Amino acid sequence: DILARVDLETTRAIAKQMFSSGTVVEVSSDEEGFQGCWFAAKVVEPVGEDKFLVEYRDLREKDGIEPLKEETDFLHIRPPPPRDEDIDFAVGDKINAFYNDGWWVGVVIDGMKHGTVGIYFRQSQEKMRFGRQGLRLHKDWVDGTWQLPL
């Protein structure tokens, strides 16, 4: 999945450059039930040469009060993507939808009507209308550059 597209040496160096204490980022997970999800977070401090202690913007510890803190590695952290807040989704577009406090990969199945866009999620096999404000085009962070899907 992962490394076929990115370069480890480059990705590590760029993560070291960009993700210092206080830096806003997005983080991902390879735990089940989280595939194609990016969560908003902020770097607390780098950890060793490979990892970053982050504090989540929206996710909480079990009391639902204190922000969740986790270590993440350089392959599961990225900057917030540039967002073109005013664009027209076309059917077939790979998007992210802000759903249950994460950004989830989905596909546009119906163009915008009444300020909503029809979306489908392969993870859950569910489809629904999403307000335009909670949608963005999917982008990949690769070797220090943002790229659209191939």
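One-based numbering along the sequence shown.
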| property | result |
| --- | --- |
| Mean C-alpha B-factor comparison - 106-114 and 44-52, higher one | 44-52 |
| Stretch with the higher entry mean CA B-factor, where the candidates are 5-13 and 130-138 | 5-13 |
| Third of the chain's Cα B-factor distribution that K69 belongs to, per the entry | lowest |
| For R57, the third of its chain into which the C-alpha B factor falls | lowest |
| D101 - which third its CA temperature factor falls in, relative to the rest of the chain | middle |
| Ranked C-alpha temperature factor of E26 among modelled chain residues, by third | lowest |
| Assigned third (lowest, middle, highest) for the C-alpha B factor of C37 | middle |
